[PDB]
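A.B. asks: Have a look at this one before I ask anything.
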Ligand SMILES: *[C@@H]1O[C@H](CO)[C@@H](O[C@@H]2O[C@H](CO)[C@@H](O[C@@H]3O[C@H](CO[C@H]4O[C@H](CO[C@H]5O[C@H](CO)[C@@H](O)[C@H](O)[C@@H]5O[C@H]5O[C@H](CO)[C@@H](O)[C@H](O)[C@@H]5O)[C@@H](O)[C@H](O[C@H]5O[C@H](CO)[C@@H](O)[C@H](O)[C@@H]5O)[C@@H]4O)[C@@H](O)[C@H](O[C@H]4O[C@H](CO)[C@@H](O)[C@H](O)[C@@H]4O[C@H]4O[C@H](CO)[C@@H](O)[C@H](O)[C@@H]4O[C@H]4O[C@H](CO)[C@@H](O)[C@H](O)[C@@H]4O)[C@@H]3O)[C@H](O)[C@H]2NC(C)=O)[C@H](O)[C@H]1NC(C)=O
Ligand SMILES: CCCCCCCCCCCCCCCCCCCC(=O)O[C@H](COC(=O)CCCCCCCCCCCCCC)COP(=O)(O)OCCN
Ligand SMILES: CCCCCCCCCCCCCCCCCCCC(=O)O[C@H](COC(=O)CCCCCCCCCCCCCC)COP(=O)(O)OCCN
Ligand SMILES: CCCCCCCCCCCCCCCCCCCC(=O)O[C@H](COC(=O)CCCCCCCCCCCCCC)COP(=O)(O)OCCN
Ligand SMILES: *[C@@H]1O[C@H](CO)[C@@H](O[C@@H]2O[C@H](CO)[C@@H](O[C@@H]3O[C@H](CO)[C@@H](O)[C@H](O)[C@@H]3O)[C@H](O)[C@H]2NC(C)=O)[C@H](O)[C@H]1NC(C)=O
Ligand SMILES: *[C@@H]1O[C@H](CO)[C@@H](O[C@@H]2O[C@H](CO)[C@@H](O[C@@H]3O[C@H](CO)[C@@H](O)[C@H](O)[C@@H]3O)[C@H](O)[C@H]2NC(C)=O)[C@H](O)[C@H]1NC(C)=O
Ligand SMILES: *[C@@H]1O[C@H](CO)[C@@H](O[C@@H]2O[C@H](CO)[C@@H](O)[C@H](O)[C@H]2NC(C)=O)[C@H](O)[C@H]1NC(C)=O
Ligand SMILES: *[C@@H]1O[C@H](CO)[C@@H](O)[C@H](O)[C@H]1NC(C)=O
Ligand SMILES: *[C@@H]1O[C@H](CO)[C@@H](O)[C@H](O)[C@H]1NC(C)=O
C-alpha cells in the first residue's frame with residue numbers, strides 16, 4: 010500500500026507551501042538551468058518573416074521547500090502538481106503565437122528529486138520572428154534568433170543559465186527538419202542582460218543559421234528569363250523581308266519578360282529595395298528591349 | 010417568498026443526485042426521444058466533400074429522480090442546471106468540426122416536467138461529411154447523411170427514437186437554405202444498429218437529397234466550348250489562299266481549348282476518373298483539332 | 007435499490023483516491039494497451055506536408071484502486087468522471103493541431119470493470135506532419151506515420167503495447183481517399199531515448215500510392231497536344247513567315 | 007466609511023441569491039430593453055454570404071432582488087460578478103462565429119442601480135449570415151439583417167423591446183464601407199413560434215446599396231474599349247486577311 | 002566557498018596517484034568540478050570535468066585514458082586519478098568549480114606532483 | 025516566511041469587485057507603453073498590427089502594508105485576486121495577451137498601496153486609411169483605449185511624461201511605410217452609458233516608394 | 001577545440017598608465033570568455049566572468065570588452081600589486097585557456 014505513504018509525502022510537501030514566492034526569496038537568487046531539444050525546425054515563412062519550431066523546453070531550479078525522505082529518490086509526478094508549486098514565468102521575447110500542446114493530456118513533466126532539485130519540461134510550438142535582409146535574394150543567408158527571458162523577475166531575483174556547456178545545450182534532432190526551402194547550418198547560443206524601464210533582465214539568445222536553396226528559383230525564374238532572351242535573339246537570324254515575324258518575336262518577348270518580372274516579385278515580401286533576382290530580370294528586360302530596338306533600326 | 014419555495018424545490022431536487030449514473034442504470038434502458046429542426050442548410054463544399062448545417066437538436070428522456078410537486082407544472086430552468094444532471098452524450102458519427110454556440114450565454118434549454126420528463130435542446134452548427142460520386146458532374150445528385158448516436162452507451166443501455174412520426178421529425182425551415190449551387194429536394198430518416206470495437210450502438214441516420222444546378226456550369230464551360238468550336242469551324246469558309254489567317258484561327262482555337270480545359274478542371278476536386286463535363290471538353294477539343302488538321306491537309 | 011448501491015460503490019471508489027500517483031506508484035510499470043479505429047483520413051497536403059486523420063483512440067490499463075466486488079455489471083460512467091481518475095499522459099509526437107470533438111459533449115468514454123480494468127476512449131482529429139519526397143511526383147509512394155509516445159513516464163513506469171497486435175488498428179480498408187490509395191499499414195513498438203530517460207513508443211505507418219488519373223487528365227495531355235500542334239508547323243510551306251512563327255510562339259508561351 | 011457601507015450592501019445583495027431563477031420566477035415576464043452601438047461593419051462577402059459587425063450590445067432589466075437604498079450612487083461592479091447574477095439568454099439566430107473581446111479583461115459591463123435596474127453590456131463581433139440576391143449584380147441592393155431572440159425563455163417569461171424605439175441603435179451614419187452604402191435601417195419587434203413555444207424577437211435590418219464607380223473603372227470600360235478595338239477592323243481593307251483575323255480573334259479571346 | 006586539495010606527491014615514474022579535492026561550503030551536486038594542470042611557467046590546461054549529480058565525466062582528448070575523475074557525495078570530494086604517468090607530467094594540479102557564467106570562480110590550492118627517482 | 029503573512033493580511037477582508045475609493049473620488053491610473061514592433065500595415069483591411077508592453081499603475085489604500093521590505097514583486101498568480109481596471113482598446117479588431125509559458129503578467133505592490141500591473145499585448149488595431157495619393161500617401165493612425173464600465177467619474181487615465189517609448193524601429197515589419205514619430209492625446213467621449221476618458225497614441229507612418237515603383241510604374 | 005591566442009606574450013609598463021590585453025578566439029564564443037589573475041605561488045583568481053562583468057571583490061580599474069571572437073582586458077590606473085599573469089579562457093565549449101601574459105614593472 011505505497012499509495013498511502015506517497016500521498017502522505019505529497020501532502021506534507023504541499024502543506025504550508027506558497028506558490029507566490031520564488032525559492033529563496035530572502036537570501037538567494039534563483040538559478041534556472043534551462044535547455045532545449047528541437048524536435049523539428051518548422052518551415053521558415055518568408056512572407057511573414059517568421060519561423061516555426063517545435064521544442065522540448067526544459068528548466069530546472071533548486072527548491073529547498075520540496076525536500077522529502079521516502080523509499081523512492083525521484084518523484085516522477087503528474088503534470089498537475091506543477092501548478093501548485095512555483096515555476097518560472099519564462100516568455101519568448103520575439104515569439105508571436107506560441108501554443109502549449111494539450112493532447113491527450115497536458116504535455117508537461119515534473120520530477121522532484123529528494124534534495125529539492127526540480128525538473129520541469131514542456132512541449133511547445135514557438136512561432137518566432139526572424140527579421141530578414143533580402144538583399145541577396147535568392148542567394149541569402151539568415152540568422153533567425155530565439156530570445157527568452159523572465160517576466161516580472163529582474164536579474165537580482167532570477168538568473169538563467171544553460172544546463173550543459175553552452176555549445177551543447179540547444180540540440181536539434183537528426184530527422185527534425187521540416188525545412189523544404191532553407192538549409193539549417195548550426196545553432197549558436199549566447200547570454201546577455203537587457204536594461205528596461207522596469208528593471209534589468211537576463212536574456213538568453215539562440216540563433217539558427219540558415220541558407221536558402223536556389224534550385225526552385227533557378228528553375229522557375231532564371232531558366233525562363235534566359236530562354237526568353239535566347240528566343241528574342243533568335244529574331245536576328247530571320248531575313249529582313251519577313252517583318253511581321255520579327256515584330257511578333259520582339260513584342261511577345263517583351264510581354265513574356267514583363268509577366269516574368271511580375272510573377273518573380275510576387276513570391277517575396279513587399280520589400281522596398283531591389284534584390285539580386287530583380288537586377289537579373291532588369292538586365293534581361295534590357296536585353297530583349299534592345300533586341301527589339303535593333304530590329305526597328307534595321 | 011416564491012423564489013424561496015422554488016429554491017427549496019430545486020435544492021431538494023439535486024439532494025443526493027449522482028450525475029454519473031444514467032436513469033435506470035441496472036434496472037432499465039434509457040429512451041432518448043430525438044427531434045431535429047434545421048434552421049439553415051449550409052453551403053455544400055464540393056472540394057472537401059463536406060456540408061454545413063445549423064440545427065436545434067432536441068432530446069427528451071425520463072428521469073424519475075427529478076419528480077417534483079409544486080405550484081408550477083414545468084420548470085423552464087437555466088442552461089447551467091443541465092450541467093448538474095445526467096444528459097446523454099450524443100455525438101455525430103460523421104461530423105468533422107461541430108460547434109455549440111454560446112453567444113451570448115450558452116445556447117441551451119432545459120424544461121423539467123413534474124413527472125420527471127426532461128426536454129433538453131441545443132443550438133449547434135455541424136460540419137458533416139458527405140462523400141460524393143462525381144461521374145455525372147455537373148448533372149449529379151447526392152444524399153448527404155447526418156448520422157448520430159451515443160458515445161460509450163451501447164444498445165443495452167441507451168436507445169434512441171424519434172419523438173414524432175419518423176417522417177415528421179427532421180423539419181426544415183422555409184427560409185432556411187444557404188445552398189448557392191445545389192437544391193434541397195427532401196429529407197429521409199432511418200434508424201439502425203452499428204457495431205464498433207467497444208459494443209453495439211444505435212445510429213439515427215438522416216439523408217438530405219441534393220440536386221446540383223447546372224446554370225453556372227453551362228454559361229462558364231459549355232457556352233465557351235461551343236463558341237470555340239463554332240469559331241474553329243468558321244475557318245473553313247475562308248479562302249484557301251489566306252494561310253496566315255486560317256493558321257491563326259487554328260492555333261488560337263486550340264490554345265483557347267487548352268486554357269478552357271484547365272480552368273474547367275480547376276473547379277472540381279481532384280478525382281481520378283473522368284466526369285461528364287470532361288467528356289464534353291474532350292469532344293470539343295477533338296473537333297477543334299480536327300478542323301486544324303483539315304486546314305493542314307487542304 | 008440498485009441505483010443507490012452503485013452510487014455508494016462509486017463514492018467508495020473515488021474516496022481517498024490520489025490522482026497524482028499512477029497505479030503501482032512504487033512498483034512495476036503499468037501496461038497500457040492501445041486501440042485505434044480510424045474514422046477517416048481527410049486531406050493529404052503537399053504544401054503543408056501534413057495529413058488530417060480522425061480516429062477513435064482507446065487505451066486500457068488496470069487500476070487496482072478502482073476495483074469493486076459488489077455489483078457484477080461493467081459500469082459505464084459519465085465522461086466527466088475521467089477528470090478524477092488517472093489516465094496515461096499519451097501524446098502524439100508529430101502532430102501540429104489536434105482536438106477532442108466536443109459536441110454534444112466532450113467525446114470520451116470511461117468504462118470500469120469489476121477487476122480494476124479501465125477502458126478510456128477519445129475521438130481525436132490530429133493534423134500530423136508528413137514530410138514527403140516529391141522527386142517522383144506524381145508517380146510517388148509516400149510513407150508518413152503517427153508516433154504515439156508517453157510524455158512524463160519513462161519505460162520503467164509505463165508499457166505501451168498494441169491490443170491484439172494485428173487487429174489493433176481497424177477501418178483502414180474502408181478509407182477512400184480522392185487522390186491517394188492506402189497500400190499497406192504497419193504497427194511498430196519501440197523505446198526511444200531522450201536526455202531525460204527512455205520512453206515507450208508505438209508507430210502507426212501507412213503507405214499511400216498516388217493515383218495518376220487526375221494528372222494524366224490535367225497536365226500531361228495538354229502538354230502532349232501542344233507538342234502535336236507544334237509539329238503542324240512542318241506541313242506548312244516554308245514561304246509562310248507569319249503562320250509558322252505564330253505556331254512556334256504560341257506553342258512556346260503556352 | 008463609504009467603502010465599508012458599499013461592501014456590506016454588495017455582500018447582502020449577493021448573499022441568498024439563486025442564479026437558476028429569473029426575476030419574478032412565478033409572476034409576469036421580465037422586460038429586457040436592448041441598446042446597440044455599432045462600431046463597424048467590417049467585411050461584406052458575396053462568396054461567404056455573410057457580413058461582420060462589431061457592436062456594444064447592451065441590455066437592461068429590473069431585478070427586484072438587487073435593490074438597495076442605503077447608498078444613492080450607481081454601483082459599477084467588476085465584470086466578474088456577472089457570473090453570479092442572472093442575465094437573459096439572448097442569442098443571435100443568424101450568426102456563424104461570435105466572440106466577446108477579452109483584452110485586457112473580458113469586455114463586459116455590469117452596473118447596478120438603487121431601484122434594482124441592472125445594466126449589462128458586452129462588446130461582440132458577430133459574423134452574421136445574410137443571403138444575397140445577385141441577379142442585378144453589381145447594380146443591386148442587399149438587405150443584411152441581425153436577428154436577436156431569447157433561447158430558453160418563451161414569451162410568457164421574457165419580453166424584448168428597444169429602448170427608445172428609434173435611438174436604440176446608434177453609430178450607423180458613421181459607418182463607412184469601401185464598397186456599399188447604408189441607405190437606411192429598420193427596427194422590428196415581433197414573435198416567432200417554434201415547436202416548443204413562442205419566443206420574442208428583435209431585428210436590425212440594414213439596406214446596403216452597392217457602389218458602381220469601381221465596377222465602371224474596372225470591368226465596363228475595358229469591355230467597351232475591346233469592342234471598339236474590334237470595330238476598328240472595319241477600316242482595314244479586305245485585302246489584308248492576316249490583320250482583320252488577328253484583331254477580331256484577339257478581341258474575342260479578350 | 003572553500004576548496005581543500007590534497008598535499009604534494011612524490012611518485013615514482015610508472016605508478017598511479019589519486020588526488021583529492023574536498024569541497025566545504027556547498028554541495029558538489031549543484032555545480033561541475035573541473036581539474037586543471039599547469040606546468041611551471043606555462044598556460045593553464047584542462048583535464049576534465051564531472052557532473053557529481055549523475056557521474057557524467059568529459060576529458061580533454063589528450064588526457065583520455067590517462068586520467069579518470071570520480072566523486073564522493075557523502076564527503077563532498079572530487080578525486081582525480083592519473084592511471085599511468087611518465088616523468089613529464091610534473092605539474093601543479095588545480096581543482097575548480099564552475100561559477101556564474103560558466104567561469105571557474107573558486108579554485109583550489111594545487112597539489113604539486115613530482116615524478117623522479 | 026513573513027512575506028506570506030503580509031500577503032495573507034492584504035487579502036483578508038478584500039473585495040476585488042469594488043474599485044479603490046468606490047464612493048469617494050475617481051481612480052487615477054497612469055499608463056505607460058513599450059512598443060516592441062509595429063506590424064504590417066495592410067491597406068486591404070485598413071488595419072495594422074502592434075505589439076506592446078502595457079503598464080498601468082494606480083493607488084490602492086487596501087494593499088498597504090508596513091514591513092521592512094519596500095516592494096512586493098509577484099508573478100501573475102495574484103492578479104486575479106485584487107482589483108484590476110478594465111482597460112480595453114476601442115479601435116482593436118482583434119487583440120490578445122500572451123500565455124506561453126506562463127501568463128505574461130507582472131504585479132508589484134509597493135509599501136504605500138501603489139500597484140503596478142504590466143502585461144504583454146498584440147493588438148490588430150483599425151484605422152481607415154484615406155487611400156488617395158496612392159502610393160505617395162502618408163498616414164498617422166491611432167491606438168485608443170479607455171475603461172469599459174467605469175465612466176469619467178470613477179476612472180481617469182493620465183499619461184506619464186515619458187510614457188510611450190518605441191524600441192529599435194529597425195527590426196519592425198514596416199515594409200512599405202517608415203516610422204517618423206508619435207504623439208499622445210487625451211479626450212472625453214460620450215456613450216449611451218456615460219462619459220469616458222479616452223486616451224490615444226498616434227503613430228506617424230510615411231509610405232516609402234519602391235515596390236510600386238518597380239511593380240507597376 | 002577552440003584555441004585562444006592571447007597577446008602580447010609579456011609587456012613591461014610603469015605605474016599609473018593604462019594597459020590593455022587582447023584575447024582572440026578561433027571559433028565563435030559568444031560572451032563566455034573569463035579573465036583570471038594568477039599571482040606567483042598562488043591559484044588563479046577570477047576577475048571577469050562573462051565578457052565585461054567584474055567579479056565580487058575586483059577593483060573598478062579592471063574592465064572587460066566582449067565580442068564574438070575578439071576580447072579585451074583594460075586596466076586603468078595600474079597599482080603596484082597588479083604584477084601577475086593574466087589568463088583568458090573561453091567556456092562556450094569545453095574550457096580552453098590562453099597562454100597568459102606576464103605583466104612587469106619598469
Ligand atoms: C464559449 O465557450 C468557450 C469555451 O468554453 C469560452 O472560452 C473559454 O473561456 C474561459 C473563460 O473566459 C477560458 O478560461 C479562462 O482562460 C484564462 C486564460 O485563457 C488563455 O488560456 C486558455 C488556455 O487556458 C490554459 O492556459 C492558461 C495559461 O497557461 C492557464 O492559466 C489555464 O489554466 C489553462 O491551463 C490548462 O491548459 C493548458 C493547455 O492550454 C495546460 O498547459 C495547463 O497545464 C492547464 O492544464 C486559452 O484557451 C485562451 O484562449 C482563448 O481565450 C482568449 C480570451 O481572450 C481568446 O482570445 C482566444 O481566441 C481563445 O478563444 C487564453 O489564451 C485563464 O486565465 C482563466 O483561469 C483564471 O481565471 C479564472 C476566472 O477568474 C479563475 O477561476 C482561475 O483560477 C484562473 O485564475 C487563476 O490563474 C490566474 C492566472 O492568470 C491568476 O492570475 C489568478 O489569480 C488565479 O490564480 C489562483 O488560482 C490558480 C489556480 O487556478 C492558483 O494556481 C493560484 O495560486 C491562485 O490561487 C480561465 O481558465 C477558456 O480558456 C476559454 N476556452 C476557449 C476554448 O476559448 C467562451 O468564453 C464562451 N463564450 C461565452 C460568451 O460564454
Ligand atoms: C521562355 C520561358 C521558358 C520557361 C521554361 C524553360 C525551362 C527550360 C527547360 C530546358 C532544360 C533546362 C535544363 C535545366 C536542368 C534542370 C535545372 C535544375 C536546377 C537545379 O536544381 O540546380 C540548382 C543549382 O543552381 C545553381 O547552382 C545555378 C547556378 C547558375 C544557374 C545557371 C546559369 C545559366 C547561364 C546560361 C548562360 C547562357 C547565356 C548565353 C546565351 C540546385 O541548387 P540547390 O541549392 O537546390 O542544391 C544544389 C546546390 N547548388
Ligand atoms: C556584360 C553586359 C552588360 C550589359 C547589361 C545591360 C545591357 C542591356 C542591353 C545590351 C544589349 C546588347 C547590345 C548589342 C548590340 C550591338 C550591335 C549593334 C549594331 C550597330 O552598330 O547598329 C546599331 C543597332 O542598334 C542596336 O543595336 C539597338 C540598341 C538599342 C539601345 C539599347 C536599348 C536598351 C533598352 C532600355 C529599355 C529597357 C530597360 C529595362 C528596364 C545602331 O547603330 P548605328 O545606327 O550607328 O549603325 C551603324 C553602326 N555600324
Ligand atoms: C469561347 C467564347 C465564348 C464565351 C463568351 C460568351 C459565351 C456565349 C454567350 C453569348 C450568348 C449565349 C446565350 C446563352 C444563354 C445563357 C445560358 C444560361 C444557362 C442557364 O442558366 O440554363 C441552365 C439550364 O441549361 C441547361 O439545361 C443546359 C442544357 C443544354 C446546354 C446548351 C448546349 C446545347 C448544345 C448546342 C448545340 C450546338 C450545335 C452546333 C452544331 C439553368 O440550370 P438551372 O438548374 O439553374 O435551372 C434550369 C434547369 N436546368
Ligand atoms: C488541457 O487539458 C486538461 C486536462 O485534460 C484540462 O484540464 C481540465 O480543465 C477543466 C476546466 O478547467 C476542469 O474542469 C473543472 O473542474 C472543476 C473541479 O475541480 C470544476 O469546478 C470546474 O467547473 C471545471 O468543471 C478539469 O478538472 C481539468 N482536468 C484535469 C485533469 O485537470 C484543461 O482544461 C485543458 N486546457 C485546454 C485549454 O483545453
Ligand atoms: C513506412 O516507414 C516506416 C519508417 O521507416 C517503416 O517502419 C519500419 O518498418 C520496418 C519493418 O516493419 C522496421 O524494421 C524492424 O526493425 C526492428 C529493429 O530491431 C527489427 O527488430 C524488426 O524485425 C524489423 O526489422 C523498422 O524498424 C521501421 N522503422 C522505424 C524507424 O521504426 C515502415 O515499414 C514503412 N512502411 C509502411 C507501410 O508504413
Ligand atoms: C505625452 O503626454 C504628456 C502629458 O500630456 C506630455 O507631456 C507634456 O509635454 C509638454 C510639452 O512637451 C509640457 O509642456 C507638459 O508640461 C508635459 N506634461 C506633463 C504632465 O509632463 C508629452 O508631451 C506627451 N508626449 C508626446 C506628445 O510625444
Ligand atoms: C464486461 O466486459 C467483459 C469484456 O469486455 C465481458 O467479458 C463481460 O461479460 C462484461 N460483463 C458483463 C456483465 O457482461
Ligand atoms: C444613476 O443612473 C441614472 C440613470 O439615468 C441617473 O439618473 C442617476 O443620476 C445615476 N446616479 C447618480 C448618483 O448619478
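Chains as they are written, first to last, in the authors' numbering: chain D, 10 to 307; chain B, 10 to 307; chain C, 7 to 260; chain A, 7 to 260; chain K, 2 to 118; chain E, 25 to 241; chain L, 1 to 106.
Using N, Cα and C, we set each Cβ at its ideal position, and we do this for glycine too.
Report yes if the C-beta distance between residue 23 of chain A and residue 95 of chain A is below 8 angstroms; otherwise report no.
C.D. replies: Taking the first residue of the fourth chain as position 1, residue 23 of chain A is located at position 17. Taking the first residue of the fourth chain as position 1, residue 95 of chain A is located at position 89. It is not a contact, given that the beta carbons lie outside the stated cut-off.
A.B. asks: What residue does the alpha helix (DSSP H) around residue 294 of chain B start on, and which one ends it?
C.D. replies: Counting from one through the second chain, the residue named residue 294 of chain B turns up at place 285. First-last of the alpha helix (DSSP H) with residue 294 of chain B: 285-306.
A.B. asks: Quick one: list the residues of chain K neighbouring residue 175 of chain D, beta-carbon separation under 7 angstroms, in chain order.
C.D. replies: Residue mapping note: residue 175 of chain D aligns to position 166 of the first chain, counting from 1. Result: 103.
A.B. asks: Just the chain K side, please: which residues come within less than 8 angstroms of residue 25 of chain L by C-beta, in chain order?
C.D. replies: As a position in the seventh chain, residue 25 of chain L is number 25, starting the count at 1. Ordered by position in chain K, no residue passes the 8 angstroms Cβ test against residue 25 of chain L, which lies about 14 angstroms from the chain.
A.B. asks: Quick one: residues in its chain with C-beta nearer than 7 angstroms to the C-beta of residue 176 of chain A, no 5 flanking neighbours on either side, listed in chain order?
C.D. replies: As a working note, residue 176 of chain A is residue 170 in the fourth chain. Excluding positions up to five away in sequence, the list reads 43.
A.B. asks: If you measure from the CB of residue 140 of chain D, is any heavy atom of ligand 2 nearer than 7 angstroms?
C.D. replies: For the purposes of this step, residue 140 of chain D is taken as residue 131 along the first chain, with counting starting at 1. Not so, every heavy atom of ligand 2 lies at least 7 angstroms from the Cβ.
A.B. asks: Give me the DSSP bridge partner(s) of residue 154 of chain E.
C.D. replies: Indexing the sixth chain from 1 puts residue 154 of chain E at position 130. Per DSSP, none; premise fails for residue 154 of chain E.
A.B. asks: Going along chain D, which residues have a C-beta under 8 angstroms from residue 19 of chain K?
C.D. replies: The sequence position of residue 19 of chain K within the fifth chain is 18, counting from 1. Those do not exist, as residue 19 of chain K stays about 26 angstroms from chain D at its closest Cβ, beyond 8 angstroms.
A.B. asks: For residue 241 of chain D, return the contacting residues in chain C, with the cut-off set at a CB-CB distance below 9 angstroms.
C.D. replies: Walking along the first chain from the start, residue 241 of chain D turns up at place 232. By Cβ distance, chain C contributes nothing, its closest Cβ being about 11 angstroms from residue 241 of chain D, past 9 angstroms.
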